[PDB]
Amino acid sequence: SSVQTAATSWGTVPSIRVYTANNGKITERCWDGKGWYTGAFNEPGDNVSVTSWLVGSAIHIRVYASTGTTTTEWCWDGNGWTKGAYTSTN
C-alpha cells in the first residue's frame, strides 16, 4: 500500500534526487537549490535503491531498479541515463 523511495545527495547546496517506486514505475524528483522538479529518470520497477559519487564536480548516479528477481542498473554520468553492467543471479 505505500510507495518506496531512495535518496541521494551531493555537494553543499546540496543537490538531492529522490526516486519513488509506485505501481511498478520508478520516477524521480530533484532539488538543486530553488525548488523541486521532475527529473528525467523513468523506468520500471517495484523497488529502488541508489548510490552516487563525485568525480570533481561531476555527479555519477547508479539506480538499482528491481521487478521480481531482476535488478537493472541505470547510470547517470553527466550525459543521460543508460543501462549499466550490473547483473545478479537472484
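We number the residues from 1 along the sequence you see.
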**Q.** Which of 22-30 and 46-54 has higher mean CA B factor, as the PDB entry lists it
**A.** 22-30
Q | C-alpha B-factor winner, where the candidates are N90, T8, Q4, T87 | A | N90
Q. Going by the entry, which third of its chain does the Cα temperature factor of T82 land in?
A. highest
Q: Can you work out whether the C-alpha temperature factor of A40 puts it in the lowest, middle or highest third of the chain?
A: highest
Q: Determine, from the deposited record, the chain-internal third of the Cα B-factor for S66: lowest, middle or highest.
A: middle
